[PDB]
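The next block holds one structure in the form of structure tokens; read it before the comments.
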Protein chains: 2
Amino acid sequence: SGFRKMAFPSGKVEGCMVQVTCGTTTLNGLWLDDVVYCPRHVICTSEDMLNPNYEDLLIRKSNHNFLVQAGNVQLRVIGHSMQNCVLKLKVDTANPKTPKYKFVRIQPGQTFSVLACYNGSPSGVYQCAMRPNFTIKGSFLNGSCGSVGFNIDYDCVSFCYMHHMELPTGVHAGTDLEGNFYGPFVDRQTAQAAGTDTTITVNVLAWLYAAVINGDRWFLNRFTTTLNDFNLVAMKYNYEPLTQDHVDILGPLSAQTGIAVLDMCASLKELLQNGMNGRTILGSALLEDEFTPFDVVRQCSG
Amino acid sequence: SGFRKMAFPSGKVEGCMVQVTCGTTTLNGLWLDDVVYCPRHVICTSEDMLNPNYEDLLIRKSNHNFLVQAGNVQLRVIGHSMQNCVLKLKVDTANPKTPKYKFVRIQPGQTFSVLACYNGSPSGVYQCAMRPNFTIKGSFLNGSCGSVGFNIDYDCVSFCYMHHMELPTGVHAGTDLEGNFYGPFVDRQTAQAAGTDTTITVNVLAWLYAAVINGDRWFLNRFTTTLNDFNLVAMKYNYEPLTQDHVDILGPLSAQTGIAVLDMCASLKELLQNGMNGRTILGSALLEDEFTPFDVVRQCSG
Ligand SMILES: O=C(Cc1cccnc1)N(Cc1cccc(Cl)c1)c1ccc(-c2cn[nH]c2)cc1
Ligand SMILES: O=C(Cc1cccnc1)N(Cc1cccc(Cl)c1)c1ccc(-c2cn[nH]c2)cc1
């Protein structure tokens, strides 16, 4: 037993991290087969970043301006294109360590592992969630751009995130691996607004189930509630409205613990209205919404 | 910016995880050069675990009883010995992916990455700390035994932990890679007592420095205190007494932030005596002691 914010094992992704240099600027890139993916603002100079015309900037560029280094093996660039906010650098050698992979655009609320990188070398690994407002709360210093997020299913890496920018608010924003930003963000150094970030209600319920499984039962109570009335409380407290789909997904947790979803909802209501009065749940003095039902199932059965 | 519980990248260690089977029992093992390290209670049957005579049990055993599988490559066992609470299985083939490694016995308070494994396959990765009482708070299900903890310096994996057991209290205990338990624990299924677990004071101070670096300054106050009087407060609250060595180690953090260590100590005193009154520090409603000064330096400079 025990419960931890657990990342996926990062080796399959380690073998794909490269360094990409365009003039003075250096960031990370993702080498899969014979294509290297990286943020297009690699082609900007520091002043270019306030109002960059990416097409015009890319036009001044030719294949040989893009220095791509994998460890120390230098890669020869044979083609270059711009897809949305990513650069696709066609190179001459397929990555021999390309794992089986897919590009997926994840849904707000889902989670993924991030492998923070600098200069094409991996720094560290941590789990995080696409927030309802399409930001993420991570750990990214200058040069970490192009670090990727991913899930691992079976034998297959599903890349879902590439990091592009730190907002003035200190949270982080980026794209899918087709270069479409998550959220309303654009890759210009202008001040930009992340909306209201609500709490992922279904995730908090899955976390309470994990807590029950692991001995923490003090929040279990003699009440229940209803989807509609619970949701009234959820709206008071900037929680995501709960739906029948969310209830179904909590099915297996309900069944293994023998606690109806709506009863757990009443417990959560009580916590929302009366706080935690100084106790803890699975080691935290706050309600945790960055575990999905699937995360709990995965960790509680190996 | 941003601050996260970050694990080391796990690939170098992924390439060393094997599966070890002795009769009915299966757990994980660590293949470095031509030696496989695993917990000796692999040689026990479920009933054997209450009062096992490990020497006698090992004597009934020969090289060919030990089924060692790396992925699907089966390893031939050519020698076997017991070192403290680990089995050293000499095999015929050196691990081609052996990284540069060392065995180190870490000190309470230091941290490391854990790669949780089942059936010799890696499940996930997370950071954790050797608590002052030599337990760890992790995520370990049956079959996770032999999962290892490690740090990565430069180009070199320093293995410090192998997981052996879950205490009835739900925390976790294990050995160094020479098979010496951390703490007073023995590998018998008897009830065993982890002592009082105090809080790692120097780690909490490093965390407050990280918080300051990242915008959270609300706990900074107009006081200071003294090593002795601070330590009186620390003792009231089951914190580790702070020493001049701890102060020196916080040197670089002090210098980069321009905050004297004793001033940060006065802030921490105030937090200990008056709580947090419902606010948060780097996203947590509790004082965090599982970052070392070195962890903060590492994450805040890349
Ligand atoms: O945030 C970042 C990157 C970052 C920093 C720290 C942590 N994470 C990400 N910016 C600001 C920013 C603002 C608005 C939109 C975006 Cl896309 C980026 C950034 C990006 C590129 C350059 C640059 C230098 N030479 N050429 C281009 C300079 C600043
Ligand atoms: O805790 C664990 C392992 C564990 C479980 C879950 C998470 N982590 C670790 N035990 C109990 C225990 C008690 C006291 C001392 C120790 Cl060393 C182990 C355990 C170990 C081996 C066997 C066994 C089965 N067949 N042969 C041997 C059975 C139980």
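Letters A, B, ... mark the chains of the structure tokens in the order given; residue numbers begin at 1 per chain; ligand numbers begin at 1, in order shown.
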
(request) With only C-alpha atoms and all ligand atoms counted, collect every polymer residue having an atom within 10 Å of ligand 1; state the result as a VMD selection string. (result) (chain A and resid 22 to 27 39 to 50 52 85 138 to 147 163 to 168 170 to 175 181 185 to 192) or (chain B and resid 1 to 2)

Helix (DSSP H, G or I) call set, DSSP backbone run, segment 161-252 of chain A, as a PDB file with N, CA and C atoms, in the first residue's frame:
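Listing of out18.pdb after writing:
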ATOM      1  N   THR A 201     -13.436  17.789 -10.157  1.00  0.00           N
ATOM      2  CA  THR A 201     -14.235  17.104  -9.142  1.00  0.00           C
ATOM      3  C   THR A 201     -14.088  15.584  -9.214  1.00  0.00           C
ATOM      4  N   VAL A 202     -14.168  15.009 -10.419  1.00  0.00           N
ATOM      5  CA  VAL A 202     -14.077  13.550 -10.533  1.00  0.00           C
ATOM      6  C   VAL A 202     -12.732  13.047  -9.999  1.00  0.00           C
ATOM      7  N   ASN A 203     -11.658  13.809 -10.238  1.00  0.00           N
ATOM      8  CA  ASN A 203     -10.337  13.441  -9.722  1.00  0.00           C
ATOM      9  C   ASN A 203     -10.301  13.443  -8.190  1.00  0.00           C
ATOM     10  N   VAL A 204     -10.916  14.447  -7.555  1.00  0.00           N
ATOM     11  CA  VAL A 204     -10.952  14.480  -6.089  1.00  0.00           C
ATOM     12  C   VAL A 204     -11.699  13.268  -5.550  1.00  0.00           C
ATOM     13  N   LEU A 205     -12.776  12.860  -6.231  1.00  0.00           N
ATOM     14  CA  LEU A 205     -13.499  11.676  -5.765  1.00  0.00           C
ATOM     15  C   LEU A 205     -12.635  10.425  -5.886  1.00  0.00           C
ATOM     16  N   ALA A 206     -11.885  10.310  -6.988  1.00  0.00           N
ATOM     17  CA  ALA A 206     -11.020   9.145  -7.136  1.00  0.00           C
ATOM     18  C   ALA A 206      -9.954   9.144  -6.047  1.00  0.00           C
ATOM     19  N   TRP A 207      -9.492  10.326  -5.673  1.00  0.00           N
ATOM     20  CA  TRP A 207      -8.489  10.421  -4.629  1.00  0.00           C
ATOM     21  C   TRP A 207      -9.061   9.998  -3.283  1.00  0.00           C
ATOM     22  N   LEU A 208     -10.296  10.412  -2.983  1.00  0.00           N
ATOM     23  CA  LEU A 208     -10.942   9.962  -1.755  1.00  0.00           C
ATOM     24  C   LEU A 208     -11.094   8.444  -1.735  1.00  0.00           C
ATOM     25  N   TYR A 209     -11.428   7.839  -2.878  1.00  0.00           N
ATOM     26  CA  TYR A 209     -11.481   6.376  -2.923  1.00  0.00           C
ATOM     27  C   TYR A 209     -10.105   5.766  -2.631  1.00  0.00           C
ATOM     28  N   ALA A 210      -9.054   6.314  -3.246  1.00  0.00           N
ATOM     29  CA  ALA A 210      -7.702   5.838  -2.952  1.00  0.00           C
ATOM     30  C   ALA A 210      -7.400   5.956  -1.467  1.00  0.00           C
ATOM     31  N   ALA A 211      -7.804   7.069  -0.858  1.00  0.00           N
ATOM     32  CA  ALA A 211      -7.575   7.279   0.565  1.00  0.00           C
ATOM     33  C   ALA A 211      -8.295   6.225   1.396  1.00  0.00           C
ATOM     34  N   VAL A 212      -9.529   5.898   1.021  1.00  0.00           N
ATOM     35  CA  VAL A 212     -10.269   4.879   1.759  1.00  0.00           C
ATOM     36  C   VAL A 212      -9.539   3.545   1.676  1.00  0.00           C
ATOM     37  N   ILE A 213      -9.119   3.170   0.463  1.00  0.00           N
ATOM     38  CA  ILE A 213      -8.420   1.905   0.235  1.00  0.00           C
ATOM     39  C   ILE A 213      -7.203   1.777   1.142  1.00  0.00           C
ATOM     40  N   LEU A 227     -26.891  14.259  -7.299  1.00  0.00           N
ATOM     41  CA  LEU A 227     -26.061  14.871  -8.333  1.00  0.00           C
ATOM     42  C   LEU A 227     -26.326  16.371  -8.425  1.00  0.00           C
ATOM     43  N   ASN A 228     -27.609  16.765  -8.461  1.00  0.00           N
ATOM     44  CA  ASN A 228     -27.941  18.179  -8.642  1.00  0.00           C
ATOM     45  C   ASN A 228     -27.542  19.015  -7.426  1.00  0.00           C
ATOM     46  N   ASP A 229     -27.865  18.540  -6.221  1.00  0.00           N
ATOM     47  CA  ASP A 229     -27.573  19.340  -5.032  1.00  0.00           C
ATOM     48  C   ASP A 229     -26.072  19.367  -4.737  1.00  0.00           C
ATOM     49  N   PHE A 230     -25.404  18.214  -4.882  1.00  0.00           N
ATOM     50  CA  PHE A 230     -23.945  18.216  -4.848  1.00  0.00           C
ATOM     51  C   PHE A 230     -23.388  19.247  -5.821  1.00  0.00           C
ATOM     52  N   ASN A 231     -23.899  19.272  -7.058  1.00  0.00           N
ATOM     53  CA  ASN A 231     -23.364  20.202  -8.053  1.00  0.00           C
ATOM     54  C   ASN A 231     -23.604  21.654  -7.665  1.00  0.00           C
ATOM     55  N   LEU A 232     -24.692  21.934  -6.936  1.00  0.00           N
ATOM     56  CA  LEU A 232     -24.896  23.290  -6.424  1.00  0.00           C
ATOM     57  C   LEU A 232     -23.758  23.675  -5.494  1.00  0.00           C
ATOM     58  N   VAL A 233     -23.393  22.747  -4.609  1.00  0.00           N
ATOM     59  CA  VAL A 233     -22.246  22.984  -3.737  1.00  0.00           C
ATOM     60  C   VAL A 233     -20.967  23.132  -4.559  1.00  0.00           C
ATOM     61  N   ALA A 234     -20.766  22.240  -5.538  1.00  0.00           N
ATOM     62  CA  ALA A 234     -19.579  22.301  -6.394  1.00  0.00           C
ATOM     63  C   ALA A 234     -19.442  23.671  -7.039  1.00  0.00           C
ATOM     64  N   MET A 235     -20.557  24.234  -7.498  1.00  0.00           N
ATOM     65  CA  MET A 235     -20.488  25.541  -8.131  1.00  0.00           C
ATOM     66  C   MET A 235     -20.126  26.619  -7.124  1.00  0.00           C
ATOM     67  N   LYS A 236     -20.663  26.536  -5.902  1.00  0.00           N
ATOM     68  CA  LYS A 236     -20.248  27.511  -4.888  1.00  0.00           C
ATOM     69  C   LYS A 236     -18.731  27.537  -4.723  1.00  0.00           C
ATOM     70  N   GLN A 244     -23.066  12.135 -14.970  1.00  0.00           N
ATOM     71  CA  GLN A 244     -23.233  10.684 -14.926  1.00  0.00           C
ATOM     72  C   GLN A 244     -22.036   9.943 -15.521  1.00  0.00           C
ATOM     73  N   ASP A 245     -21.402  10.496 -16.560  1.00  0.00           N
ATOM     74  CA  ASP A 245     -20.171   9.904 -17.075  1.00  0.00           C
ATOM     75  C   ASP A 245     -19.111   9.804 -15.977  1.00  0.00           C
ATOM     76  N   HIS A 246     -18.920  10.896 -15.223  1.00  0.00           N
ATOM     77  CA  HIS A 246     -17.987  10.884 -14.100  1.00  0.00           C
ATOM     78  C   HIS A 246     -18.351   9.795 -13.103  1.00  0.00           C
ATOM     79  N   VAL A 247     -19.653   9.619 -12.851  1.00  0.00           N
ATOM     80  CA  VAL A 247     -20.119   8.610 -11.908  1.00  0.00           C
ATOM     81  C   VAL A 247     -19.768   7.215 -12.402  1.00  0.00           C
ATOM     82  N   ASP A 248     -20.072   6.935 -13.675  1.00  0.00           N
ATOM     83  CA  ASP A 248     -19.748   5.649 -14.288  1.00  0.00           C
ATOM     84  C   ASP A 248     -18.263   5.343 -14.196  1.00  0.00           C
ATOM     85  N   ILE A 249     -17.414   6.326 -14.508  1.00  0.00           N
ATOM     86  CA  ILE A 249     -15.966   6.111 -14.463  1.00  0.00           C
ATOM     87  C   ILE A 249     -15.510   5.751 -13.049  1.00  0.00           C
ATOM     88  N   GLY A 251     -17.291   3.919 -11.149  1.00  0.00           N
ATOM     89  CA  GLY A 251     -17.800   2.575 -10.980  1.00  0.00           C
ATOM     90  C   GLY A 251     -16.865   1.570 -10.322  1.00  0.00           C
ATOM     91  N   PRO A 252     -15.737   1.250 -10.967  1.00  0.00           N
ATOM     92  CA  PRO A 252     -14.853   0.215 -10.394  1.00  0.00           C
ATOM     93  C   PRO A 252     -14.375   0.544  -8.993  1.00  0.00           C
TER      94      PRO A 252
END

(request) Using only C-alpha atoms, select each residue of chain B with any atom at most 8 Å away from an atom of chain A, and give the selection as a PyMOL selection string. (result) chain B and resi 1-12+14+115+118+122-126+137-141+166+170-171+284-286+299-302

(request) Determine, counting only C-alpha atoms, which protein, DNA and RNA residues have an atom within 10 Å of an atom of segment 87-91 of chain A; residues of the same chain fewer than 3 positions away are not included. Present the result as a PyMOL selection string. (result) chain A and resi 20+29-31+33-43+58+63+66+68+75-84+94-95+178-179

Only N, CA and C atoms, please: the residues just picked out, written as a compact mmCIF listing (two decimals), in the first residue's frame.
# COMPACT_ATOMS: atom_id res chain seq x y z
N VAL A 20 18.26 21.34 -30.03
CA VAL A 20 18.03 22.04 -31.28
C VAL A 20 18.47 23.47 -31.09
N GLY A 29 14.21 19.13 -28.33
CA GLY A 29 13.42 18.63 -29.45
C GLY A 29 13.19 17.15 -29.27
N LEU A 30 12.24 16.63 -30.03
CA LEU A 30 11.77 15.25 -29.86
C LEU A 30 11.99 14.51 -31.17
N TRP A 31 12.90 13.53 -31.13
CA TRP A 31 13.36 12.80 -32.30
C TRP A 31 12.61 11.48 -32.37
N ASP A 33 11.29 8.55 -35.32
CA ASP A 33 11.70 8.15 -36.66
C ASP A 33 12.70 9.17 -37.18
N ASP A 34 12.49 9.69 -38.38
CA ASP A 34 13.42 10.64 -38.98
C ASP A 34 12.88 12.06 -38.95
N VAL A 35 12.15 12.43 -37.88
CA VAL A 35 11.58 13.77 -37.71
C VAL A 35 11.89 14.27 -36.30
N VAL A 36 12.29 15.53 -36.20
CA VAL A 36 12.55 16.17 -34.91
C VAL A 36 11.54 17.29 -34.72
N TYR A 37 10.81 17.24 -33.60
CA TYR A 37 9.73 18.18 -33.30
C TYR A 37 10.21 19.14 -32.24
N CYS A 38 10.03 20.44 -32.47
CA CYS A 38 10.40 21.36 -31.40
C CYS A 38 9.58 22.63 -31.52
N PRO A 39 9.60 23.49 -30.50
CA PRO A 39 8.80 24.72 -30.56
C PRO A 39 9.35 25.67 -31.60
N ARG A 40 8.45 26.32 -32.33
CA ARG A 40 8.91 27.13 -33.44
C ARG A 40 9.59 28.40 -32.95
N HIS A 41 9.37 28.78 -31.69
CA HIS A 41 10.03 30.01 -31.25
C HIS A 41 11.54 29.81 -31.05
N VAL A 42 12.07 28.62 -31.35
CA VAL A 42 13.51 28.47 -31.49
C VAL A 42 14.06 29.40 -32.57
N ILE A 43 13.23 29.83 -33.54
CA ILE A 43 13.74 30.61 -34.67
C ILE A 43 13.66 32.10 -34.37
N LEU A 58 10.99 32.19 -40.55
CA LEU A 58 11.31 30.89 -41.10
C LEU A 58 11.85 30.99 -42.52
N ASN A 63 17.82 24.68 -44.15
CA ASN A 63 18.11 23.41 -43.50
C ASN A 63 19.36 23.46 -42.63
N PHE A 66 19.86 24.82 -38.79
CA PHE A 66 19.25 24.11 -37.67
C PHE A 66 20.24 23.07 -37.15
N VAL A 68 21.09 20.25 -34.90
CA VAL A 68 20.39 19.23 -34.12
C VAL A 68 21.43 18.26 -33.60
N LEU A 75 22.95 15.49 -36.19
CA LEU A 75 21.99 15.05 -37.19
C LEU A 75 21.96 16.04 -38.34
N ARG A 76 21.93 15.50 -39.55
CA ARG A 76 21.85 16.31 -40.75
C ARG A 76 20.38 16.55 -41.07
N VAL A 77 20.02 17.82 -41.28
CA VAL A 77 18.64 18.23 -41.53
C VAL A 77 18.41 18.32 -43.03
N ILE A 78 17.40 17.59 -43.51
CA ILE A 78 17.11 17.47 -44.94
C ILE A 78 15.79 18.14 -45.32
N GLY A 79 14.98 18.55 -44.35
CA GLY A 79 13.76 19.27 -44.67
C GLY A 79 13.26 19.98 -43.44
N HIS A 80 12.46 21.02 -43.65
CA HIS A 80 11.93 21.75 -42.51
C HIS A 80 10.58 22.33 -42.86
N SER A 81 9.62 22.17 -41.96
CA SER A 81 8.30 22.75 -42.16
C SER A 81 7.75 23.24 -40.84
N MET A 82 6.76 24.11 -40.94
CA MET A 82 6.07 24.65 -39.77
C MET A 82 4.66 24.07 -39.74
N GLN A 83 4.34 23.35 -38.68
CA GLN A 83 2.97 22.88 -38.46
C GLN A 83 2.43 23.58 -37.23
N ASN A 84 1.47 24.48 -37.43
CA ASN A 84 0.95 25.26 -36.31
C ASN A 84 2.12 25.89 -35.55
N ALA A 94 16.74 7.82 -38.94
CA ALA A 94 15.68 7.50 -38.00
C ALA A 94 16.29 7.23 -36.64
N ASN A 95 15.63 7.73 -35.60
CA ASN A 95 16.06 7.44 -34.24
C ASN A 95 16.02 5.94 -34.02
N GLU A 178 1.03 18.20 -32.50
CA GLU A 178 0.77 18.82 -33.79
C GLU A 178 0.91 20.33 -33.73
N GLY A 179 1.28 20.88 -32.59
CA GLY A 179 1.57 22.29 -32.48
C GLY A 179 0.38 23.16 -32.17

Per DSSP on the backbone, what are the strand (DSSP E) residues of segment 10-100 of chain B, as a CSV table (one decimal) with N, CA and C atoms, in the first residue's frame?
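Written file, part09.csv:
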chain,number,residue,atom,x,y,z
B,17,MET,N,16.4,-3.7,-14.2
B,17,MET,CA,15.4,-4.4,-13.4
B,17,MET,C,15.2,-5.8,-14.0
B,18,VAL,N,15.3,-6.8,-13.2
B,18,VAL,CA,15.0,-8.2,-13.6
B,18,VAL,C,14.0,-8.8,-12.7
B,19,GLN,N,13.5,-10.0,-13.1
B,19,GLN,CA,12.6,-10.8,-12.3
B,19,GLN,C,13.3,-12.0,-11.7
B,20,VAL,N,13.1,-12.3,-10.5
B,20,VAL,CA,13.7,-13.4,-9.8
B,20,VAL,C,12.6,-14.2,-9.1
B,21,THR,N,12.7,-15.5,-9.4
B,21,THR,CA,11.7,-16.5,-9.0
B,21,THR,C,12.4,-17.6,-8.2
B,22,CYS,N,11.9,-17.9,-7.0
B,22,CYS,CA,12.4,-19.0,-6.2
B,22,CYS,C,11.2,-19.8,-5.8
B,25,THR,N,7.7,-18.0,-5.1
B,25,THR,CA,7.8,-16.6,-4.9
B,25,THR,C,8.5,-15.9,-6.0
B,26,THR,N,8.0,-14.7,-6.4
B,26,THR,CA,8.6,-13.9,-7.4
B,26,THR,C,8.7,-12.5,-6.9
B,27,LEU,N,9.9,-11.9,-7.2
B,27,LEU,CA,10.1,-10.5,-6.9
B,27,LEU,C,11.1,-9.9,-7.9
B,28,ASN,N,11.5,-8.7,-7.6
B,28,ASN,CA,12.4,-7.9,-8.5
B,28,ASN,C,13.8,-8.1,-8.1
B,29,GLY,N,14.7,-7.9,-9.0
B,29,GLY,CA,16.2,-8.0,-8.7
B,29,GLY,C,16.9,-6.9,-9.6
B,30,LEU,N,18.1,-6.7,-9.2
B,30,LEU,CA,18.9,-5.6,-9.8
B,30,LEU,C,20.2,-6.2,-10.4
B,31,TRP,N,20.3,-6.2,-11.8
B,31,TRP,CA,21.3,-6.8,-12.6
B,31,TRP,C,22.3,-5.8,-12.9
B,32,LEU,N,23.5,-5.9,-12.2
B,32,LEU,CA,24.6,-5.0,-12.5
B,32,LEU,C,25.8,-5.9,-12.8
B,35,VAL,N,26.1,-9.8,-11.7
B,35,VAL,CA,25.6,-10.1,-10.4
B,35,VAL,C,24.1,-9.5,-10.4
B,36,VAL,N,23.2,-10.3,-9.8
B,36,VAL,CA,21.8,-9.9,-9.6
B,36,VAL,C,21.6,-9.9,-8.1
B,37,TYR,N,21.1,-8.7,-7.6
B,37,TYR,CA,20.9,-8.4,-6.2
B,37,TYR,C,19.4,-8.5,-6.0
B,38,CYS,N,18.9,-9.2,-4.9
B,38,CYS,CA,17.5,-9.2,-4.6
B,38,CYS,C,17.3,-9.5,-3.1
B,39,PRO,N,16.1,-9.3,-2.6
B,39,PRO,CA,15.9,-9.5,-1.2
B,39,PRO,C,15.9,-11.0,-0.9
B,66,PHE,N,17.0,-20.9,-9.0
B,66,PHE,CA,16.8,-19.4,-9.1
B,66,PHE,C,16.5,-19.0,-10.5
B,67,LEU,N,15.3,-18.8,-10.8
B,67,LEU,CA,14.9,-18.4,-12.2
B,67,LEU,C,15.0,-16.9,-12.4
B,68,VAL,N,16.0,-16.5,-13.1
B,68,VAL,CA,16.2,-15.0,-13.3
B,68,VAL,C,15.9,-14.7,-14.8
B,69,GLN,N,14.9,-13.8,-14.9
B,69,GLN,CA,14.5,-13.4,-16.3
B,69,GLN,C,14.6,-11.9,-16.5
B,70,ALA,N,15.2,-11.5,-17.5
B,70,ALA,CA,15.4,-10.1,-17.9
B,70,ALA,C,14.5,-9.9,-19.2
B,73,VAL,N,14.8,-12.7,-21.9
B,73,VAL,CA,16.1,-13.4,-21.8
B,73,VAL,C,16.3,-14.0,-20.5
B,74,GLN,N,16.4,-15.4,-20.5
B,74,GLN,CA,16.7,-16.1,-19.2
B,74,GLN,C,18.2,-16.1,-18.9
B,75,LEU,N,18.5,-15.8,-17.7
B,75,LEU,CA,19.9,-15.7,-17.2
B,75,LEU,C,20.3,-17.0,-16.5
B,77,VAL,N,22.4,-18.9,-13.8
B,77,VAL,CA,22.9,-18.6,-12.5
B,77,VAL,C,24.1,-19.6,-12.2
B,78,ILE,N,25.3,-19.0,-11.9
B,78,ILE,CA,26.5,-19.7,-11.7
B,78,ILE,C,27.0,-19.7,-10.3
B,79,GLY,N,26.5,-18.8,-9.5
B,79,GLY,CA,26.9,-18.8,-8.1
B,79,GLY,C,25.8,-18.1,-7.3
B,80,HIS,N,25.8,-18.3,-6.0
B,80,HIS,CA,24.8,-17.7,-5.1
B,80,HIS,C,25.4,-17.5,-3.7
B,81,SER,N,25.2,-16.3,-3.2
B,81,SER,CA,25.6,-16.1,-1.8
B,81,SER,C,24.7,-15.2,-1.1
B,82,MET,N,24.7,-15.2,0.2
B,82,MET,CA,23.9,-14.3,1.1
B,82,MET,C,24.8,-13.3,1.7
B,83,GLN,N,24.5,-12.0,1.4
B,83,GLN,CA,25.2,-10.9,2.1
B,83,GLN,C,24.2,-10.2,2.9
B,86,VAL,N,20.5,-9.5,1.6
B,86,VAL,CA,20.4,-9.6,0.1
B,86,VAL,C,21.0,-10.9,-0.4
B,87,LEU,N,20.4,-11.4,-1.5
B,87,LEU,CA,21.0,-12.5,-2.3
B,87,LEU,C,21.8,-12.0,-3.4
B,88,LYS,N,23.0,-12.4,-3.6
B,88,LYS,CA,23.9,-12.1,-4.7
B,88,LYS,C,23.9,-13.3,-5.6
B,89,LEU,N,23.2,-13.3,-6.8
B,89,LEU,CA,23.2,-14.3,-7.8
B,89,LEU,C,24.2,-14.0,-8.9
B,90,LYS,N,25.3,-14.8,-8.9
B,90,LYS,CA,26.3,-14.7,-10.0
B,90,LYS,C,25.7,-15.3,-11.2
B,91,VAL,N,25.6,-14.6,-12.3
B,91,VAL,CA,25.1,-15.0,-13.6
B,91,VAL,C,26.2,-15.1,-14.6
B,100,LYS,N,27.3,3.2,-15.2
B,100,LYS,CA,28.3,3.5,-14.1
B,100,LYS,C,27.5,3.6,-12.8

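For the set B:198, B:180, B:158, B:238, the residue with the smallest atom-to-atom gap to ligand 2 is B:180, counting only C-alpha atoms and all ligand atoms.
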
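Restricting the calculation to only C-alpha atoms and all ligand atoms, the smallest distance between ligand 2 and any of B:292, B:136, B:104, B:224 is found for B:136.
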
(request) Excluding residue 103 of chain A and any residue of its chain fewer than 4 positions from it, enumerate the residues within 10 Å of it, using only C-alpha atoms, and give them as a PyMOL selection string. (result) chain A and resi 150+157-161+176-178

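Interatomic distance, atom CA of residue 154 of chain A to atom CA of residue 111 of chain A: 16.4 Å.
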